[PDB]
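Trainee: Could you have a look at this structure, given as structure tokens, before my questions?
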Amino acid sequence: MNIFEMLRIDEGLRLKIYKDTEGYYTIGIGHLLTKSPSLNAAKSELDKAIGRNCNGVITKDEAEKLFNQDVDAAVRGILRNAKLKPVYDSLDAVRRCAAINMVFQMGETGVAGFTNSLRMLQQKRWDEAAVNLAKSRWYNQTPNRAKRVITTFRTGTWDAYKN
Ligand SMILES: Fc1cccc(I)c1
């Protein structure tokens, strides 16, 4: 298991524009297109992202390319963020995947409220961090995915994704 397999499990693969769990236009392996209610705005974002007139539909190769770019962008954002980088660098490789997963789903601004969780993770207080991570809108709105990510932080194993 690696970050790509982990997020592919959590996000699925759809080749036509769909709506994510928040109702926002998305495509591929969880690639957010826009928060605008305009499908035309989403289609414009898609064409810009792919470099051709897509009509709201992409190929698997294109979905995987966007996915690679999105994972890399999450990593580079963590590494540029003075609050996130020290915690990320303190983690083992499996838990780093859980960190990328959260940033992929909610962005750097979505994780800004997790300061206390981040401190517990840096302190390697895994059970306490897991309890704290679940006290969140994130956990309440996507509990099965949050449970998998939290189990990954709690245990440092892939058990939630093998199961
Ligand atoms: F960017 C980061 C670093 C550590 C933990 C999380 I959640 C995000």
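By convention in this document, the chains of the structure tokens carry letters A, B, ... by their order, each chain's residues are numbered from 1, and ligands are numbered from 1 in the order they are shown.
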Taking only C-alpha atoms and all ligand atoms into account, which residues are within 7 Å of ligand 1, as a list in words?

Mentor: residues 78, 84, 85, 87, 88, 96, 98, 99, 100, 102, 103, 111 and 118 of chain A

Trainee: Run DSSP on the backbone and give me the residues of stretch 7-140 of chain A it puts in alpha helix (DSSP H), as a ChimeraX atom specification.

Mentor: /A:7-11,39-50,60-80,84-90,93-110,115-122,126-134,137-140

Trainee: DSSP on the backbone: what in chain A comes out strand (DSSP E), as a list in words?

Mentor: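 Listing strand (DSSP E) positions across chain A yields residues 14, 15, 16, 17, 18, 19, 25, 26, 27, 28, 31, 32, 33 and 34 of chain A.
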
Trainee: With N, CA, C and O atoms retained, write the just-selected residues as an mmCIF file, in the first residue's frame.

Mentor:
data_model
loop_
_atom_site.group_PDB
_atom_site.id
_atom_site.type_symbol
_atom_site.label_atom_id
_atom_site.label_comp_id
_atom_site.auth_asym_id
_atom_site.auth_seq_id
_atom_site.Cartn_x
_atom_site.Cartn_y
_atom_site.Cartn_z
ATOM 1 N N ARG A 14 -14.267 7.875 -11.313
ATOM 2 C CA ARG A 14 -15.399 8.168 -12.184
ATOM 3 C C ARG A 14 -14.915 9.043 -13.332
ATOM 4 O O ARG A 14 -14.206 10.027 -13.107
ATOM 5 N N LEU A 15 -15.290 8.690 -14.562
ATOM 6 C CA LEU A 15 -14.754 9.366 -15.736
ATOM 7 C C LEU A 15 -15.637 10.500 -16.231
ATOM 8 O O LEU A 15 -15.252 11.195 -17.177
ATOM 9 N N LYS A 16 -16.800 10.708 -15.628
ATOM 10 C CA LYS A 16 -17.677 11.815 -15.971
ATOM 11 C C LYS A 16 -17.880 12.668 -14.729
ATOM 12 O O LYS A 16 -17.812 12.164 -13.601
ATOM 13 N N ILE A 17 -18.134 13.962 -14.934
ATOM 14 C CA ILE A 17 -18.336 14.877 -13.817
ATOM 15 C C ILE A 17 -19.385 14.316 -12.878
ATOM 16 O O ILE A 17 -20.457 13.868 -13.304
ATOM 17 N N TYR A 18 -19.067 14.323 -11.588
ATOM 18 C CA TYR A 18 -19.970 13.885 -10.541
ATOM 19 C C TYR A 18 -19.945 14.924 -9.433
ATOM 20 O O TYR A 18 -19.205 15.908 -9.492
ATOM 21 N N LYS A 19 -20.755 14.709 -8.408
ATOM 22 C CA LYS A 19 -20.732 15.569 -7.238
ATOM 23 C C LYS A 19 -20.112 14.817 -6.071
ATOM 24 O O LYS A 19 -20.408 13.635 -5.848
ATOM 25 N N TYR A 25 -18.927 19.808 -7.871
ATOM 26 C CA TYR A 25 -18.540 19.123 -9.101
ATOM 27 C C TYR A 25 -17.088 18.659 -9.051
ATOM 28 O O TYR A 25 -16.177 19.430 -8.728
ATOM 29 N N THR A 26 -16.892 17.392 -9.392
ATOM 30 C CA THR A 26 -15.650 16.661 -9.223
ATOM 31 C C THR A 26 -15.538 15.711 -10.407
ATOM 32 O O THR A 26 -16.528 15.436 -11.088
ATOM 33 N N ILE A 27 -14.341 15.188 -10.651
ATOM 34 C CA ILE A 27 -14.160 14.164 -11.672
ATOM 35 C C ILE A 27 -12.971 13.295 -11.298
ATOM 36 O O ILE A 27 -12.135 13.665 -10.466
ATOM 37 N N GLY A 28 -12.897 12.130 -11.926
ATOM 38 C CA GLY A 28 -11.707 11.304 -11.812
ATOM 39 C C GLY A 28 -11.612 10.630 -10.456
ATOM 40 O O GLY A 28 -12.578 10.034 -9.959
ATOM 41 N N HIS A 31 -10.994 14.577 -8.032
ATOM 42 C CA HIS A 31 -10.459 15.878 -8.424
ATOM 43 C C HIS A 31 -11.564 16.927 -8.367
ATOM 44 O O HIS A 31 -12.447 16.951 -9.231
ATOM 45 N N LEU A 32 -11.504 17.820 -7.383
ATOM 46 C CA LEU A 32 -12.483 18.898 -7.297
ATOM 47 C C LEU A 32 -12.345 19.833 -8.489
ATOM 48 O O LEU A 32 -11.246 20.295 -8.806
ATOM 49 N N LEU A 33 -13.469 20.125 -9.144
ATOM 50 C CA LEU A 33 -13.456 21.069 -10.253
ATOM 51 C C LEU A 33 -13.828 22.476 -9.816
ATOM 52 O O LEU A 33 -13.130 23.438 -10.156
ATOM 53 N N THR A 34 -14.915 22.623 -9.065
ATOM 54 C CA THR A 34 -15.337 23.943 -8.625
ATOM 55 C C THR A 34 -16.361 23.776 -7.519
ATOM 56 O O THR A 34 -17.049 22.758 -7.446
#

Trainee: Could you name the residues that touch residue A:146 at 12 Å or less, counting only C-alpha atoms, but leaving out those on the same chain fewer than 4 positions away, as a list in words?

Mentor: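 Counting only the stated atoms, we get residues 10, 98, 99, 101, 102, 105, 106, 130, 131, 132, 133, 134, 135, 136, 137, 138, 139, 140, 141, 142, 150, 151, 152, 153, 154, 160 and 161 of chain A.
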
Trainee: Can those selected residues be exported to a file as an mmCIF file, in the first residue's frame so that it contains C-alpha atoms?

Mentor:
data_model
loop_
_atom_site.group_PDB
_atom_site.id
_atom_site.type_symbol
_atom_site.label_atom_id
_atom_site.label_comp_id
_atom_site.auth_asym_id
_atom_site.auth_seq_id
_atom_site.Cartn_x
_atom_site.Cartn_y
_atom_site.Cartn_z
ATOM 1 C CA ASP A 10 -11.134 6.377 -0.628
ATOM 2 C CA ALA A 98 -2.758 9.486 6.388
ATOM 3 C CA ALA A 99 -1.615 13.121 6.570
ATOM 4 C CA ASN A 101 -5.020 11.857 2.672
ATOM 5 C CA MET A 102 -6.488 14.513 4.980
ATOM 6 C CA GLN A 105 -9.674 15.785 1.166
ATOM 7 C CA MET A 106 -9.876 19.089 3.049
ATOM 8 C CA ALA A 130 -7.317 9.343 17.285
ATOM 9 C CA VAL A 131 -9.884 10.440 19.875
ATOM 10 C CA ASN A 132 -9.235 14.099 19.076
ATOM 11 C CA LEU A 133 -9.375 13.617 15.280
ATOM 12 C CA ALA A 134 -12.882 12.139 15.568
ATOM 13 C CA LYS A 135 -14.189 15.278 17.311
ATOM 14 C CA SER A 136 -14.587 16.981 13.968
ATOM 15 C CA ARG A 137 -17.045 17.851 11.240
ATOM 16 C CA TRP A 138 -14.801 15.707 9.017
ATOM 17 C CA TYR A 139 -15.463 12.569 11.050
ATOM 18 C CA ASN A 140 -19.175 13.256 11.379
ATOM 19 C CA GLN A 141 -19.697 13.917 7.676
ATOM 20 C CA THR A 142 -17.474 11.126 6.248
ATOM 21 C CA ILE A 150 -7.740 7.623 11.961
ATOM 22 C CA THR A 151 -6.978 3.903 12.277
ATOM 23 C CA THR A 152 -3.942 4.517 10.062
ATOM 24 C CA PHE A 153 -2.753 7.266 12.425
ATOM 25 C CA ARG A 154 -3.583 5.160 15.485
ATOM 26 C CA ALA A 160 -8.036 -0.371 7.723
ATOM 27 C CA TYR A 161 -7.385 -0.614 3.971
#

Trainee: Find the residues near residue A:35: any atom within 12 Å, counting only C-alpha atoms, skip ones fewer than 4 places away on the same chain, and give them as a list in words.

Mentor: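 Neighbouring residues, sequence-local ones excluded: residues 19, 20, 21, 22, 23, 24, 25, 26, 31, 39, 40, 41, 42 and 45 of chain A.
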
Trainee: Taking N, CA, C and O atoms for each residue, export the selection above as a tab-separated table (two decimals), in the first residue's frame.

Mentor:
chain	number	residue	atom	x	y	z
A	19	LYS	N	-20.75	14.71	-8.41
A	19	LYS	CA	-20.73	15.57	-7.24
A	19	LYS	C	-20.11	14.82	-6.07
A	19	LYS	O	-20.41	13.64	-5.85
A	20	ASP	N	-19.23	15.50	-5.35
A	20	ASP	CA	-18.60	14.90	-4.18
A	20	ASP	C	-19.58	14.86	-3.02
A	20	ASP	O	-20.76	15.20	-3.15
A	21	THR	N	-19.10	14.44	-1.85
A	21	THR	CA	-19.99	14.30	-0.70
A	21	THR	C	-20.53	15.64	-0.21
A	21	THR	O	-21.53	15.66	0.52
A	22	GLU	N	-19.90	16.76	-0.58
A	22	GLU	CA	-20.38	18.09	-0.23
A	22	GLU	C	-21.25	18.69	-1.31
A	22	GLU	O	-21.73	19.82	-1.14
A	23	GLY	N	-21.48	17.98	-2.41
A	23	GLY	CA	-22.28	18.49	-3.50
A	23	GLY	C	-21.53	19.25	-4.58
A	23	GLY	O	-22.17	19.88	-5.42
A	24	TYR	N	-20.20	19.20	-4.58
A	24	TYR	CA	-19.39	19.99	-5.50
A	24	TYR	C	-18.95	19.17	-6.70
A	24	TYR	O	-18.59	18.00	-6.56
A	25	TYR	N	-18.93	19.81	-7.87
A	25	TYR	CA	-18.54	19.12	-9.10
A	25	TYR	C	-17.09	18.66	-9.05
A	25	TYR	O	-16.18	19.43	-8.73
A	26	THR	N	-16.89	17.39	-9.39
A	26	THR	CA	-15.65	16.66	-9.22
A	26	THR	C	-15.54	15.71	-10.41
A	26	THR	O	-16.53	15.44	-11.09
A	31	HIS	N	-10.99	14.58	-8.03
A	31	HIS	CA	-10.46	15.88	-8.42
A	31	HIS	C	-11.56	16.93	-8.37
A	31	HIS	O	-12.45	16.95	-9.23
A	39	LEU	N	-22.62	24.02	-13.71
A	39	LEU	CA	-21.98	22.92	-14.42
A	39	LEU	C	-21.07	23.42	-15.53
A	39	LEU	O	-20.02	22.83	-15.79
A	40	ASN	N	-21.45	24.52	-16.19
A	40	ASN	CA	-20.59	25.10	-17.21
A	40	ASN	C	-19.26	25.54	-16.61
A	40	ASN	O	-18.20	25.36	-17.22
A	41	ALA	N	-19.29	26.14	-15.42
A	41	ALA	CA	-18.05	26.53	-14.76
A	41	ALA	C	-17.18	25.31	-14.47
A	41	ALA	O	-15.96	25.36	-14.66
A	42	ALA	N	-17.80	24.21	-14.05
A	42	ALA	CA	-17.06	22.97	-13.82
A	42	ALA	C	-16.46	22.44	-15.11
A	42	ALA	O	-15.31	21.98	-15.13
A	45	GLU	N	-13.40	24.44	-15.97
A	45	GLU	CA	-12.26	24.01	-15.15
A	45	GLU	C	-11.69	22.70	-15.66
A	45	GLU	O	-10.47	22.52	-15.70

Trainee: What's the separation between atom CA of residue A:65 and atom CA of residue A:50, in Å to one decimal place?

Mentor: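 Atom CA of residue A:50 lies 9.1 Å from atom CA of residue A:65.
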